[PDB]
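Residue numbers (the deposited numbering), protein chains in the order written: chain BB, 1 to 129; chain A5, 1 to 129; chain BC, 51 to 137; chain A7, 51 to 137; chain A1, 51 to 137; chain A6, 51 to 137; chain Az, 51 to 137; chain Au, 51 to 137; chain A3, 5 to 16, 34 to 322. What follows is one structure encoded as structure tokens, with my remarks underneath.
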Amino acid sequence: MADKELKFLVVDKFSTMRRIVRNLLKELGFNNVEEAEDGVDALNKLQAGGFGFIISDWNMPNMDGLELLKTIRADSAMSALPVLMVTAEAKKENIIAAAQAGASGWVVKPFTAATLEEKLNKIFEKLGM
Amino acid sequence: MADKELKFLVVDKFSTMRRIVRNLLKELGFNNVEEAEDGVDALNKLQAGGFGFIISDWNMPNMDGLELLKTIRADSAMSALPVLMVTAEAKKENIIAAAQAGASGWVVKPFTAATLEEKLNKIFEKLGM
Amino acid sequence: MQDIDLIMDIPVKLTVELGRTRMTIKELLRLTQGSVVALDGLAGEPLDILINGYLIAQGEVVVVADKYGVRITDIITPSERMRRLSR
Amino acid sequence: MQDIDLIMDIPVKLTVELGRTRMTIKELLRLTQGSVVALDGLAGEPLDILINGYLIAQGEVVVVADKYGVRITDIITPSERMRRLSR
Amino acid sequence: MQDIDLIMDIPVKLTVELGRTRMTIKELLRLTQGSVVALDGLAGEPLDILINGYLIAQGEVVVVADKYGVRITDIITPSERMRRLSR
Amino acid sequence: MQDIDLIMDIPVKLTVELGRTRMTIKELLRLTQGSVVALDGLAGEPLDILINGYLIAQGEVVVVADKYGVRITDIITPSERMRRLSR
Amino acid sequence: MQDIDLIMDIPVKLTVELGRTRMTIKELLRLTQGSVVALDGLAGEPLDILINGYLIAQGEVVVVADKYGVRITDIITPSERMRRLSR
Amino acid sequence: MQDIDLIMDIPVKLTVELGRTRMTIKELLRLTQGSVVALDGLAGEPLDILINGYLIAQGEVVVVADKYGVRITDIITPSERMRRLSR
Amino acid sequence: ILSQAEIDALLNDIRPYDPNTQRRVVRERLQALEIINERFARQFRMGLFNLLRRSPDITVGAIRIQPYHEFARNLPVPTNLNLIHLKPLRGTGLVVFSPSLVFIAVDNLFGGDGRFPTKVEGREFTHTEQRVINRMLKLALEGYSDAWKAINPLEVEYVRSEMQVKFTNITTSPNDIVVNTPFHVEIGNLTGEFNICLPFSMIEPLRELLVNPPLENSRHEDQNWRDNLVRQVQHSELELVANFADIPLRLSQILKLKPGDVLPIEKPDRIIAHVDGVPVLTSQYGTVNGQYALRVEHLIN
């Protein structure tokens, strides 16, 4: 089983979506969840450290999800940190670019709690958690 | 057990906070408590002597907690005097600077009486009291 | 006979039926206080003895000191079982 | 075995009891729709199995294809017999 | 209400039955540890509620904080009662 | 017998029961002044003797000089214990 | 041992007394909700253990898993017996 | 009030009982120094208050300055009384 | 911003009975209190949404029951303590507002973007902050009173405000048992909390009312249901036991009982009939139709 004290960073431009994701994570047993409004704030909070999983939106102001993922992978201290990508449009080119950047998973809005739980379980199994 | 007659110096810019700290110390069995409004008054009362423990706020007028701690450590007669640091913001840089200055403990506002008691017990155990 | 005594240790109910007959519901509605209904069994024939609704023996009516009683006459056996089945 | 078959040709009723409890009639009158009554038996304990009101065994609740079922676990046994009678 | 209170000052026992079934004694003897017995009641149906062996209501099984509970659903009523009797 | 005398040194209460019977609460409410209730025990049978509600012996009613008395007749033993248990 | 078993097949009631004190009825009438009454026994002393009102031992109060309990400490002993009777 | 005063000029004894339990004499003989006996009352429940052995109220244990005390909570009332009796 | 644990890491079945514990604790679950708290929570969420023009998320925590001193020991200081009265129940209730929640409300009311959280310096609340706390407390008390209506109509009245627990004096002793219900409030990226603490003695008379999870009843449907239930129970059977008399003896005399031994008993003028040990009537004994009969004289009322 995955560690229930794992710290999650939810990054999205909409506060309501972040609250929904936090509630879904709480229903799954994860209570250590922090929220970020854009890529810059997400990177600033990542520089603090202590996070074990990232859920980030694709299109965000001042930094999109792809650039944030590339910056995370470029950092040695956070290159192995799993990142979950949530988007509104599942274009093949964007998915391929994210996979080349090192995305751990992909979620398409709208989605159900079952899909999110399945994605988290698959990511944890791939990482051996 | 720590000596119940140990003299405590509470330093804070707010009188209400000093009264709260004094009452918390009294509930813990320590009745010899004096109050200081800023770093200058705290140092002046320290020059009188007889104090065994110091609880000081970080941001204080005319002298901050870090400068007061540095002055206390620079004095041979008071270099071994334990100092407890209480702050409103627990910035990593400030905590590292205080640790390098020789801080005996750290408390973050707001806090409970249990946390203060635990910090005092840990400091006393480290000093062998 | 240990298991036999084990099962015997259960209270059961015995039922004695005066007789049986078949009639229509209209005839039942025509019945009032004082109405007369005939039974298919002849007068004096041994009455059916039932355990939890299962016929196992036949008996005759007797009066015991101020109480009705049934005198055990004859049991069943697959022969009578089938006999009454056919009957 | 002859008597065993003779009594085998008889139907009997089996009763399974969820649990037992004691309460006052006033408390019973205080019970309405949605009221909650606790039972003296712990959750998960085997339920009493009764034949015509006589406790002979204990069993566990199972679901069979869409129907409730009782899994036979252990016979009543007589020391426990007296103990439960005393209860 | 006076007689209601007079009888209210009396304790009575309530009994909840999981289900009822009929089987032969031979089948009962064939039962061992781990044996399975099916009940005539469908899974999920409200369970019979009995006072001193008298069926007066039906209820559903609930768990209360660590204890089994019966949720009162409906009274016995005369027709359902006669139906269970014929059963 | 030291511990035996030790426990004997405790006062206890003895209870004699005239008889036992079962009736419905409706019948109890139908009872008024002068009403008659029959008991399951035959007239003249020895009455149950109870210690703190526990049946240990049987006795017969006698009159002693102006007072009722119970003549000890026979005790119990697991045989009668079980016998009355089954009875 | 035979008589020991014969009396062993009997239920008895055990009573534990917190303490004893003497007061006038006027003082009892002066007692209201929240009133305080002192006991003659010192705090922490073992409490009297009584069987059917007869003091036979002393014990200490303990809490067992969520229930009060009495830890057996010492028997009454007869010199102390007379002394307490005299008290 | 006249009779109230007349009986007020009388001393009476008040008794507080920690709890009640039932055990066999064999178990009592198995009790030694340090033995543990459980009580039927739950920990924290108000203790029975008795006047000359008669239960009239319930109270809670308090410590008064170095002495045990009983805080009056509620009178016995008839229903609770009959309930304890049936117990 | 390092947590306390991070700061520390970087820097580095038989129990004795204590009569000072007031063991009158409710080990039964207070569902009804949970329902009231959920209703209160929702009603307040609305009120906060109306007041702050923002959508709040209020989560009800577990209803922990603990002694008053433990509750006081776990309260962050300084804090906003409000004394309330729950009429007609006797006692003083506490509504605890954490400084974080007060600061969040002040930020939202006065156009705060929420991007700059205010760190608690340990200072006293200002008059404007006091008025904001006032408004929040009025909304909370209205919601609590409305929530309590369905189970027991209670009037909630504010008494006074304090900043230290020692001044509350809501319990007679520090070891008294109190009922505390923590609440978590989330507004945007800011999280706040507030607590409602009630002494158990205040709600002790309503113990049975608080126990079961109740609701959705009626007046005529329930009347018919009760009437039919009473009718059904009347058919139940009871075992009527009549005791001839009682003899006070000793166990030694029991061991000496032999066939023919006569035990003297007092002749009873009346025979008392007991149902499961509970007397129901007094009667005279007799013989009718060859069986012992009882002639009822009085019914025990």
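By construction, the Cβ of each residue, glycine as well, lies at the ideal position given by its N, Cα and C atoms.
Quiz item: Between the Cα of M58 (chain Au) and the Cα atoms of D53 (chain Az), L78 (chain Az), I60 (chain Az), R72 (chain Az), which residue gives the shortest distance?
Solution: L78 (chain Az)
Quiz item: Quick one: what does DSSP say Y38 (chain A3) is sitting in, helix, strand or coil?
Solution: coil
Quiz prompt | Residues of its chain near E67 (chain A6), where Cβ-Cβ distance is below 7 Å and the 5 sequence neighbours each way are ignored | solution = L97, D98, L100
Quiz item: From which residue to which residue does the beta strand (DSSP E) around residue 27 (chain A3) run?
Solution: Missing here is residue 27 (chain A3): after 16, the next number in chain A3 is 34.
Practice problem: Kindly indicate which residue of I35 (chain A3), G281 (chain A3), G114 (chain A3), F65 (chain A3) has the alpha-carbon position closest to the one of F221 (chain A3). | Solution: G114 (chain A3)
Quiz item: Of all the beta strand (DSSP E) runs that stay within the bounds of the segment 42-113 of chain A3, which reach a length of 3 or more residues?
Solution: 77-81, 85-88, 101-108
Practice problem: Go to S222 (chain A3), then tell me how far its alpha helix (DSSP H) extends in each direction, as first and last residue. | Solution: 221-224
Quiz item: Where do the ends of the alpha helix (DSSP H) carrying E27 (chain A5) lie?
Solution: 15-27
Practice problem: Please confirm if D12 (chain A3) has its CB atom under 8 Å from at least one CB of chain BB. | Solution: no
Quiz prompt | Rounded straight-line distance, which links the Cα of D41 (chain BB) to that of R94 (chain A3) | solution = 36 Å
Quiz item: With respect to the beta strand (DSSP E) encompassing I125 (chain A7), which residues constitute its N-terminal and C-terminal limits?
Solution: 117-125
Quiz item: Closer than 8 Å, CB to CB, is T127 (chain Az) near chain Au or not?
Solution: no
Quiz prompt | Span separating the alpha-carbon of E130 (chain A1) from that of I126 (chain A7) | solution = 33 Å
Quiz prompt | Residue range of the alpha helix (DSSP H) that includes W169 (chain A3) | solution = 148-169
Quiz item: Under the three-state reduction of DSSP, which class applies to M63 (chain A5): helix, strand or coil?
Solution: coil
Exercise. Report yes or no: is there a C-beta of chain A1 within less than 8 Å of the C-beta of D124 (chain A7)?
Key: yes
Practice problem: Figure out for me which residue from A83 (chain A3), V186 (chain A3), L69 (chain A3) has the closest Cα to the Cα of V116 (chain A3). | Solution: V186 (chain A3)
Quiz item: Residues in its own chain within less than 8 Å of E258 (chain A3) by CB, not counting five upstream and five downstream?
Solution: none
Quiz item: Can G119 (chain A1) and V120 (chain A7) be called in contact, C-beta distance under 8 Å?
Solution: no
Exercise. Quick one: list the residues of chain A3 neighbouring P61 (chain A1), beta-carbon separation under 9 Å, in chain order.
Key: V296, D297, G298, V299
Exercise. Please state whether DSSP places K63 (chain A6) in a helix, a strand or coil.
Key: strand
Self-check item: Beta-carbon proximity check, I321 (chain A3) vs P300 (chain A3), cutoff 8 Å
Solution: yes
Practice problem: Would you mind telling me which residues of chain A7 sit closer than 7 Å to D53 (chain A1), beta carbon to beta carbon, in chain order? | Solution: Going along chain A7, no residue has its Cβ under 7 Å from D53 (chain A1), so there is no contact; the nearest lies around 12 Å.
Quiz item: Span of the alpha helix (DSSP H) holding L97 (chain Az)?
Solution: No alpha helix (DSSP H) holds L97 (chain Az); the beta strand (DSSP E) holding it covers 97-101.
Quiz item: Should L92 (chain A1) and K63 (chain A7) be called a contact, given that it needs their Cβ atoms to be closer than 8 Å?
Solution: no
Exercise. Could you round the C-beta distance between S273 (chain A3) and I292 (chain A3) to whole angstroms and report it? I think they count as a contact, below 8 Å.
Key: With 8 Å as the limit, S273 (chain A3) and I292 (chain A3) do not qualify as a contact, their Cβ atoms being about 29 Å apart.
Quiz item: Span of the beta strand (DSSP E) holding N264 (chain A3)?
Solution: 258-271
Exercise. Leaving aside the five residues before and after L219 (chain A3) along the sequence, list all residues of the same chain whose C-beta is less than 6 Å from its C-beta, in chain order.
Key: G114, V200
Self-check item: Exposed unless 16 or more other CB atoms sit within 10 angstroms - verdict on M51 (chain BC)
Solution: exposed
Practice problem: Pick out whichever of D53 (chain BC), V111 (chain BC), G84 (chain BC), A107 (chain BC) has its Cα sitting closest to the Cα of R133 (chain BC). | Solution: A107 (chain BC)
Quiz item: Within the chosen definition, does the segment 205-217 of chain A3 reach the segment 229-239 of chain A3 through at least 3 CB pairs nearer than 8 Å?
Solution: no
Quiz prompt | Amino acids of chain Au, ordered along the chain, whose beta-carbon sits closer than 9 Å to that of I57 (chain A6) | solution = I75, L78, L79
Practice problem: Using a Cβ-Cβ cut-off of less than 7 Å, list which residues of the segment 279-291 of chain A3 approach chain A6; keep chain order. | Solution: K279, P280, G281, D282, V283, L284, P285, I286, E287, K288
Quiz item: Leaving out the 5 sequence neighbours to the left and right, which residues in its chain are closer than 7 Å to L116 (chain BB) when beta-carbon positions are compared?
Solution: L24, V107
Exercise. Going by CA-CA distance only, name the one from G132 (chain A3), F215 (chain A3), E183 (chain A3), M223 (chain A3) that's closest to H205 (chain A3).
Key: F215 (chain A3)
Self-check item: Identity of the residues DSSP links to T74 (chain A6) by a beta bridge
Solution: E258 (chain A3)
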